[PDB]
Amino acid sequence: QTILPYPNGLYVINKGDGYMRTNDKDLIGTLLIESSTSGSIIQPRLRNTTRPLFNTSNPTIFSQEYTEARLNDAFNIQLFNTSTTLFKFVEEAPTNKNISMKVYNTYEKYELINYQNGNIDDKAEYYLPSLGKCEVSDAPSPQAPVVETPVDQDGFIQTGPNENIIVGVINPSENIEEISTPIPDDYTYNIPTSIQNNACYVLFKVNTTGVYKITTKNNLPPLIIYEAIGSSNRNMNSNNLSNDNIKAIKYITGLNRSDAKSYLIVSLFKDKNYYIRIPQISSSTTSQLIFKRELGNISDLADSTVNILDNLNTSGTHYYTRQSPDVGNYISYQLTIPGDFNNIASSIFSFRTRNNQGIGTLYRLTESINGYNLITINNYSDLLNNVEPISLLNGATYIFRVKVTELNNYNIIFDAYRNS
């Protein structure tokens, strides 16, 4: 029951090597090696056939073939039920003692999940045949007392090193748009009509490395941005995006919650390819993706969703529930303080989180003609349920950045309290 700090979608998780079934069900055999002798067990691949094992919670959709296609999207696994990779174990027994050499087949465990609203809706487990395990130990006494033991529970145990590597994959039932020309400092993309029928991805790259603000017009719906994993180095064209069909995607920032009006501040690099996932928009008016290069210290928000907070004219509680960033990553909130701008402060504000702990930085967002600038007002060591009040100027725009320090819940709750 770990929390997965990721947006909705498909994920393939390598849960490690050295998996095998209980009750010696993957035992190849045991050699008794006498002192001063060597023994060997070989998998020589005289036949190439291997026997993968497979489970699914949804046989119709998450079929073995489907799961395999995702394993290929994620890790580029070519061969599932064959191998030309031999493995071999060699053990020389010391002059004093005899040795037992026990060898097993093993598997690498991959997990395909359909992740929706912080929940795993469907789960497939694929066990890729692997290169074995060898246990050497002192040879047992053949006169050792025979203990009557019951066969233990039927399942898997892991004998390899701890591993948990998550790779998101493009949802293949969602279509991919492409901006062929690498985008300049300012670009507006018209979202096609197909968006009315399902979510889509849009593949693009930037002409110049820098920080970019990305948003829909009116800042709705929320967006999600990913890196294509392994796109760097490889084929390139000066005036063209080189599509190399990489379906392995690394989540940067963004969320699914339909009411999270927001924009994204992200550091983007020339050599990489990116994907933006635009959710389904049932509206009949044409939506847009707006890109805007940002110079200046707005870069402090480096990879974050900026949640725009509204209707806080009322006093007291103002809760905003959003998908939590992972430990170490940012979530940000923009406030424009009610009232006209002279130099009076509005009924003091107090900022706290309610599920996850975080550090937090209050900025004053200026509008001085060089792009935007941020002036640091204060920092807070702890955000959760404890915080000091502060007065903010009327009609001024402030941004509050949270850096997550403990992930107790899938959602982080933000409270902009207007006390007096």
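Note that the rigid core is defined as the largest set of C-alphas that superpose within 1.5 Å between two forms. One rule holds for the numbers: they count along the sequence shown, beginning at 1.
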Open item on the list: Using the rigid core for superposition, please say which stretch has the greater CA deviation in 5 other deposited structures of this protein, 203 to 211 or 340 to 348.
Closed with: 340 to 348
TODO: Quick one: core-superposed, which stretch strays further from the shown model in 5 other deposited structures of this protein, 62 to 70 or 383 to 391? Go by RMS C-alpha distance.
DONE: 383 to 391
Open item on the list: Quick check: 30 to 38 versus 364 to 372, which has the larger average CA B-factor in the record?
Closed with: 364 to 372
Open item on the list: Please compare 251 to 259 with 235 to 243 and name the stretch with the higher mean C-alpha B-factor in the deposited structure.
Closed with: 235 to 243
Open item on the list: By the CA temperature factor listed in this entry, which of these ranks top: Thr286, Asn162, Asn175, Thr84?
Closed with: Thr286
- [ ] Identify, among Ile281, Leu131, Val90, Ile276, the residue whose C-alpha carries the highest B-factor in the deposited PDB entry.
- [x] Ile281
Open item on the list: Please place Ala345 in the lowest, middle or highest third of its chain according to the CA B-factor in the PDB entry.
Closed with: highest
Open item on the list: Which third, lowest, middle or highest, does the C-alpha temperature factor of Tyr127 belong to within its own chain?
Closed with: lowest
- [ ] Place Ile120 in the lowest, middle or highest third of its chain's C-alpha B-factors, as listed in the PDB entry.
- [x] middle
Open item on the list: Split into thirds by Cα B-factor across the chain's modelled residues, where does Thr397 land: lowest, middle or highest?
Closed with: highest
TODO: Place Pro59 in the lowest, middle or highest third of its chain's C-alpha B-factors, as listed in the PDB entry.
DONE: middle
